[PDB]
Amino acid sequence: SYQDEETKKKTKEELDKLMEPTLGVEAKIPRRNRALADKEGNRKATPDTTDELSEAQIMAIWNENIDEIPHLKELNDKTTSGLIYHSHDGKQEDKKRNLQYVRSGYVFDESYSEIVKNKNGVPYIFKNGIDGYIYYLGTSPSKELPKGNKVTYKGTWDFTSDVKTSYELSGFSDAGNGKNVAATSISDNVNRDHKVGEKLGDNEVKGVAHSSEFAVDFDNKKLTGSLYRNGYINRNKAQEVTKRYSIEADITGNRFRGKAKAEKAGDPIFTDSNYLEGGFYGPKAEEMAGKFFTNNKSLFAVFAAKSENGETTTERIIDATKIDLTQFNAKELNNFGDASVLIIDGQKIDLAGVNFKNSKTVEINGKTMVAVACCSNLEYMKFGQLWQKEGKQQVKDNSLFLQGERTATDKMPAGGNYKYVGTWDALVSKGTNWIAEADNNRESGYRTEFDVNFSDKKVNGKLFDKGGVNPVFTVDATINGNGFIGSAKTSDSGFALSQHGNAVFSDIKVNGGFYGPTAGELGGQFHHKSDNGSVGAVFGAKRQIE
């Protein structure tokens, strides 16, 4: 007498490329080509007057190890200067940046000469001076966010302009003033080596280099911020602190999208941007980082900041877990708030498809990955199998995954009783390998039934084998916030898979979540390893009517 409640499909958004989320972003610092001839060996009527910034030069990056600074090894291998620096290298006050989950700013060779000649030996590329990148990179995109109307983050920002020989900028050294090398946060004449609070000697130090501050309103999913330039400070010269930008953004998943507003009029490079995007990093959003690109393409900027502590109450926004089927342990997956996407090496694998469950095969080189994702009636979560192919078919790294976009806790139903119907994937390993495979045969297939009492804050569930009359697994759990937690178990008799004893499981931890606008979807996992008696499982179910 039961069927899927009819809910409105999740609204599909199409992001401009720059607004797509990534672990990090980098851009090369522009350098004017000073060569006098072109590649065919003919004299240029005029030398280049520009070296532009473009959206194509703004690259997504995805290194897992943040201690491995982007391009740092490449720059050391090719340097003839021995003058390699980066914004976290600790050698000056402005390069002491104590972040745990984020790295940002710049990495560069102070003086690198690039001269490319054609086959007839004529130079058609000549660039010299600072060589490097502006960037940010984060790790562990946040799965929980603080509660509250104002959480403060403090940190830095950094930037590179483009190049134009007509630029007449002030405040920048000859090492990068826009004419031959971009004006950057490397060449800006700011306070780099005196700490906040110092006196020189009547002059108080108010800031170091380029500082950022953000006020995040997590409960309204909004944030604002400011970006400051902290000028050179001397005995003969008090510090000029100027605000260059105001920032506003809206939060989606663990990301935010917005704008940067230039605070001073008439500046040829510090101009408005409609293209600001960044995210929260750390398990509980202890840090944030992002970038923007001005609308006239004069500037690519990055920023990074951290909150004072937590210590703070958080609400979970995302589940994304992989259960490995050879060790039966779990690991976190990168996810930005879209459960219908699997993220591997910065490549997004779309999990949706026309059928009830769908297989996607993709080479994220050098690995060739297969994902089998369920299901088409689940809009705010996905689960299934993930493995790597090796010939056809020797399977490698076999695993299960679950992703979901959690219900907001204040949108959790307040009582009472609802039925949830779905399916599941699992591997039980005793002697033989017993498998569960997702299907939509709710009569005799691999069924999952859940009764959820929101009043009693109790979740009860049954998980079936195909054709079975009784469930091979049951779960008892308690609702807390927008998730649930409890235990899975077998019958006291276990279940068969005659020579060896049945598999019997008791008290296996089950973690689950509620997904969607009003918890119309739920899902969870449980895993356990023992010799003998191993099991890994993911499940999902849709709220029913009648």
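Residues carry their position along the shown sequence, with the first being 1.
(message) If I compare the deposited sequence with the modelled residues, how many are absent between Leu497 and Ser498: none, 1 to 3, 4 to 9, or 10 or more?
(response) Gap between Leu497 and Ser498: 4 to 9 unmodelled residues.
(request) Please work out which of 230 to 238 and 99 to 107 has the higher mean CA B-factor as recorded in the PDB entry. (result) Comparing 230 to 238 with 99 to 107, the higher mean C-alpha B-factor belongs to 230 to 238.
(request) Name the higher of the two by mean Cα B-factor in the PDB entry, 417 to 425 versus 274 to 282. (result) Result: 417 to 425.
(request) Return the residue from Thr321, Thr407, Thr312, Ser185 that has the highest Cα B-factor in the entry. (result) The record points to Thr312.
(message) Per the entry's Cα B factor values, which of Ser493, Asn42, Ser54, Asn33 stands out as the maximum?
(response) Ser493 has the highest C-alpha B-factor of those listed.
(request) Sorting the chain's modelled residues by C-alpha B-factor, tell me whether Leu23 ends up in the lowest, middle or highest third. (result) Ranked within chain, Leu23 CA B lands in the lowest tercile.
(message) Considering every modelled residue of the chain and its Cα B-factor in the PDB entry, is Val475 in the lowest, middle or highest third?
(response) Highest third of the chain for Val475's C-alpha B-factor.
(request) Could you say whether, by C-alpha temperature factor, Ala519 belongs to the lowest, middle or highest third of its chain? (result) Tercile = middle for this residue's CA B-factor.
(message) Ranking every modelled residue in this chain by its Cα temperature factor as given in the entry, which third contains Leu137?
(response) Lowest third - that is where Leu137 ends up once the chain's C-alpha B-factors are sorted.
(message) Could you place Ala60 in the lowest, middle or highest third of its chain by Cα temperature factor, using the values in the record?
(response) According to the entry, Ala60 has a C-alpha B-factor in the chain's lowest third.
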